[PDB]
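Here's the structure, in structure tokens; my notes come after.
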Amino acid sequence: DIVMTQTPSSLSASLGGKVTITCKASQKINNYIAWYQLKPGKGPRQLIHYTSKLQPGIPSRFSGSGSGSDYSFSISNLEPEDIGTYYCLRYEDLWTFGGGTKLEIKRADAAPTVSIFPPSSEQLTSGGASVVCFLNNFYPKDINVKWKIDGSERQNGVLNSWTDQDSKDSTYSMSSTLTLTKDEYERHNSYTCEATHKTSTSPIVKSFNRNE
Amino acid sequence: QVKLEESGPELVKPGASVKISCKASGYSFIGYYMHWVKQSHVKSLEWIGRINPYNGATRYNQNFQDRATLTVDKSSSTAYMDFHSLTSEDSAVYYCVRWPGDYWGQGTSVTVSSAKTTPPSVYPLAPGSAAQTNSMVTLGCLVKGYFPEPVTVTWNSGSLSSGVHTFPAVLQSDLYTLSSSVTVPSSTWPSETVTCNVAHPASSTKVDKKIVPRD
Ligand code: NA
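The listed protein sequences derive, respectively, from chains L and H.
Quick note, the first sequence lines up with residues 1 to 94, 96 to 213 if you use the deposited numbering.
Quick note, the second sequence lines up with residues 1 to 52, 52A, 53 to 82, 82A to 82C, 83 to 97, 101 to 214 if you use the deposited numbering.
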């Protein structure tokens, strides 16, 4: 194999802005480079082939250039939908993909909207008890969640999940779920979800009493 | 119009093999090389190899060469990828793609696991308090204990799209769990119905869960 060194591996830029990705081959590849866009839930979409030729329907704000072993790719007038991961490809015959560049849209900071949910009566009937906390539409993506049962931190039984960046409002969301047996859920009463985000030194606290 | 139509999702036990097909139409199949590409979250996009359909000559990524075999059925315009001795690291979406990389199949999801196909349990997420007399209300439903991926979640059969977040599934044991949220005006719920529709094609299950206030 050859090496296709794609750089940088991560991009963060503003709407209407411009970004540029470098792809450096370990030897001359004679302009047989292509650039792809990969969005979640979609297959790879070839934007540019043969260094600089756009594919049908691709707008001119996508551009590519280079020669020998140094190649570049640029997106101007960034749109929220441009979020995704971009790859160079040496496609002449033996293929080599670059490592990929993940593109983030920069935007104003936003505190998360935090919601906590008791276990449903339907789940408790089955012997289980999941406490769900949503932390929706925040920016930037860095965030930490703490669970407290009767004012005591809890780490076992917690599952976290983070969305990709929203293609519309450029925010992030995450879910934190504490799953217990029904027996363990009933011997405690106060369940607290605490979100710590850059937007405030003070955490956002949501909780409920099991006995309503 | 070039089309590459791949076979459906595959659930394979560890150590077993899988064979994926890719039916080409709209061009001379024996004329263009067929490539295969692996897409995973842990390894991004990896080339598997290519085949010249005319003579069957193949080239492989050295990482796959000992376990992957590319073949073609010339008379039926179909290309195959045979992958032996799979492990969980081989769970990924596999694409066939025609040279020069402009036409792609829709992809075949391969899950390598010993878990059995299992329908989800769907639980409502209603707030544990009364809504303020004029506020925005966040609801949801918990989709727990299904296999394999994926499930689809909509709200009111797609009529509620505002403020919807369906989070990526996480493995809770041998089974997947996710939640989906939706935010609606307090004037809309509970005076109007809010229902999350959960679909799990692998088990032919379609569940509607109406979200009702707690007490
Ligand atoms: Na350029």
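Just so it is clear, CB atoms sit at the ideal spot from N, CA and C, and this is done for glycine as well.
Nearest-angstrom beta carbon gap, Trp47(H) and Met80(H) [assumed within contact, 8 Å] | Counting from one through the second sequence, the residue named residue 80(H) turns up at place 81. Counting from one through the second sequence, the residue named residue 47(H) turns up at place 47. Between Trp47(H) and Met80(H) the Cβ distance is about 12 Å, and since that is not below 8 Å, they are no contact.
Interface residues of the region 49 to 75 of chain L facing chain H [CB-CB below 9 Å] = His49, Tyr50 and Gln55
Range of the contiguous alpha helix (DSSP H) that encloses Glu123(L) = Position 122 of the first sequence holds residue 123(L). Its alpha helix (DSSP H) spans residues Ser122 to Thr126.
Closer than 8 Å at the beta carbon, the chain L residues around residue 262(H) = Limits of chain H in this structure are 1 at one end and 214 at the other, which puts residue 262(H) out of reach.
Compare the Cα-Cα distances from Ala24(H) to each of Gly55(H), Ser74(H), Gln64(H) and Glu10(H) and report the closest residue.
-> In the second sequence, counting from the first residue as 1, residue 24(H) sits at position 24. Checked all of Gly55(H), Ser74(H), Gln64(H) and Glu10(H); the closest Cα to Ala24(H) is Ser74(H).
Integer-rounded CB distance, given that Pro56(L) should sit under 8 Å from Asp165(L) = Position 164 of the first sequence, counting from 1, holds the residue named residue 165(L). Position 56 of the first sequence, counting from 1, holds the residue named residue 56(L). That belief does not hold up - the Cβ atoms of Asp165(L) and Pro56(L) are roughly 27 Å apart, past 8 Å.
Step through the CB atoms of chain L and report whether any lies within less than 8 Å of the CB of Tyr91(H).
-> For the purposes of this step, residue 91(H) is identified with residue 95 of the second sequence, where counting begins at 1. Judged by the 8 Å Cβ criterion, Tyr91(H) is in contact with chain L.
Inspect the CB distances between the region 110 to 130 of chain L and the region 183 to 198 of chain L and report whether three or more fall short of 8 Å.
-> yes
beta-carbon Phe146(H) near ligand 1 non-hydrogen atom, thresh 7 Å = Sequence index remark: in the second sequence, residue 146(H) carries index 147 (1-based). No, the Cβ of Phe146(H) stays beyond 7 Å of every heavy atom of ligand 1.
Interface partners of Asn30(L) on chain H, CB under 8 Å | Sequence index remark: in the first sequence, residue 30(L) carries index 30 (1-based). Neighbours of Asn30(L) on chain H: none; closest Cβ ~13 Å, over 8 Å.
Give a yes or no on contact between the region 171 to 182 of chain H and the region 133 to 142 of chain H, applying the rule of three or more CB pairs nearer than 8 Å.
-> yes
Reducing DSSP to helix, strand and coil, say where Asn77(L) ends up.
-> Locating residue 77(L) in the first sequence gives position 77, where the first residue counts as 1. The answer is coil: DSSP assigns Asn77(L) none of H, G, I, E or B.
Among the residues of its own chain, which have a CB less than 8 Å from the CB of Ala56(H), if the five just before and after it don't count?
-> Counting from one through the second sequence, the residue named residue 56(H) turns up at place 57. Counting only Cβ-Cβ distances below 8 Å, and skipping sequence neighbours, we find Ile51.
Check whether the Cβ of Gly64(L) lies closer than 7 Å to any heavy atom of ligand 3, and answer yes or no.
-> Among the ligands present in this structure, namely ligand 1, ligand 3 is not found.
Check whether the Cβ atoms of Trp96(L) and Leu89(L) sit closer than 8 Å, and answer yes or no.
-> In the first sequence, the residue the question calls residue 96(L) occupies position 95. In the first sequence, the residue the question calls residue 89(L) occupies position 89. Yes, Cβ-Cβ distance for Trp96(L) and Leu89(L) is below 8 Å.
With respect to 7 Å, is the separation between the Cβ of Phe73(L) and the closest non-hydrogen atom of ligand 1 below this value?
-> Sequence index remark: in the first sequence, residue 73(L) carries index 73 (1-based). At least one heavy atom of ligand 1 is nearer than 7 Å to the Cβ of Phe73(L), so yes.
When you compare each of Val211(H), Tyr175(H) and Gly144(H) to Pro189(H) by their alpha carbons, which one comes out closest?
-> Within the second sequence, the letter at position 190 stands for residue 189(H). Per the Cα distances, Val211(H).
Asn145(L), DSSP secondary structure in three states = Start at 1 with the first residue of the first sequence, and residue 145(L) comes out as number 144. Strand, per DSSP.
Is there at least one Cβ from chain H nearer than 8 Å to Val3(L)'s Cβ?
-> Position 3 of the first sequence, counted from the first residue, corresponds to residue 3(L). Chain H, which has no Cβ nearer than 8 Å to the Cβ of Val3(L), makes this no.
Segment limits, alpha helix (DSSP H) that includes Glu187(L) = Your numbering for residue 187(L) matches position 186 in the first sequence. Counting along the chain, the alpha helix (DSSP H) containing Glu187(L) begins and ends at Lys183 to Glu187.
Who pairs with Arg58(H) in a beta bridge, going by DSSP?
-> Counting from 1 along the second sequence, the entry for residue 58(H) is found at position 59. Note: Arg58(H) sits in a beta bridge opposite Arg50(H).
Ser87(H) to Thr132(H) span [Cα, whole Å] | Translated into positions along the second sequence, residue 87(H) becomes position 91. Translated into positions along the second sequence, residue 132(H) becomes position 133. Near 49 Å, if we compare the C-alpha coordinates of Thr132(H) and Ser87(H).
Closer than 8 Å at the beta carbon, the chain L residues around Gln1(H) = Against the second sequence, residue 1(H) aligns to sequence position 1. None at all; the shortest Cβ gap to chain L is about 12 Å.
Ordered along the chain, which non-local residues of its own chain (more than five positions away) have a Cβ less than 8 Å from that of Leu45(H)?
-> Working through the second sequence from its first residue, we reach residue 45(H) at position 45. For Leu45(H), where only same-chain residues beyond five positions count, the Cβ hits under 8 Å are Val37, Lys38 and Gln39.
Cutoff 6 Å; reference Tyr122(H); Cβ partners in own chain excluding five residues on either side = Taking the second sequence and counting its residues from 1, one reaches residue 122(H) at position 123. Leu141, listed in sequence order.
How about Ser180(H): is its C-beta nearer than 8 Å to some C-beta of chain L?
-> Start at 1 with the first residue of the second sequence, and residue 180(H) comes out as number 181. Output row for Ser180(H): interface = yes.
Any chance the region 123 to 136 of chain L sits against the region 68 to 76 of chain L, with 3 or more Cβ pairs inside 8 Å?
-> no
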